[PDB]
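Below you will find one chain, with nothing else, as structure tokens; this is the form deposited in one PDB entry, and questions on how it binds or moves follow later.
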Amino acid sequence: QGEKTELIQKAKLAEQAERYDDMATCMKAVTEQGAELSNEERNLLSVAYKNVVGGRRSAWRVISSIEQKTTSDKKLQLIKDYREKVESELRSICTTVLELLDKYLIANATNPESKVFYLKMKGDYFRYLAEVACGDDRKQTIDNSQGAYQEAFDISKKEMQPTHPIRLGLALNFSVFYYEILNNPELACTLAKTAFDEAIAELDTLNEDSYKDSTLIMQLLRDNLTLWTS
């Protein structure tokens, strides 16, 4: 289609202009066409929405950092009402990504490599919900990303080698889910140490095309490990 090839160009253009909202509405219209994504379009969509959802997460963390640093004051009400406004935008963003995954991306999965990628993406965007959920809504969204990460974890160990960047990046995010959402730091470290050790034990079964992006994730795996053991 002449429209899809032009939407990718605008998305690539909006990406360098750091206009991720414009980049996100382009890749959303691309996936709404129904055809399974490239590897290029796939990362374009995730990069776009990770920056859109990332801006609201950064704001939410700062407003809440000020919110609990104060109920004597009466000016706190407006602080909370401004946080739920930011929470409101962040909630609607992740649902659009999650419904994009359920309608188009998860179903039309060619290889297991893309299935693990999209199942991990689902676990990430339910995890961003658990960061801001509270009450009966909280444990329900936690179980949803856990189930997403769990199936992606199972498939990745079945069809991917230990040095695969998608497998390594899933163990990274899954172990972060264990540290921050479940608050099991020992299980989180074991999840990250196992992936790092299985990958460092096969660093001859991968070449120059494989290296790099593979250690960037192993570097992050350890970064968390030494930070969590202290």
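Only residues modelled in both forms are compared. Only the largest set of C-alpha atoms that superpose within 1.5 Å between the two forms is called the rigid core. Residue positions are given as counts along the sequence shown, with the first one as 1.
If you look for the form deposited in another entry, you will not find it shown, but the lines that follow are about it.
Residue shifts between the shown form and the other one, rigid core superposed: of 201, 187, 62, 35, the only C-alpha displaced by 2 Å or more belongs to 201. After superposition on the rigid core, the Cα atom of residue 210 is displaced by 2 Å or more between the shown form and the other one. The rigid-core fit between the shown form and the other one yields exactly one 3+ residue run with every Cα displaced by 2 Å or more: 201 to 210.
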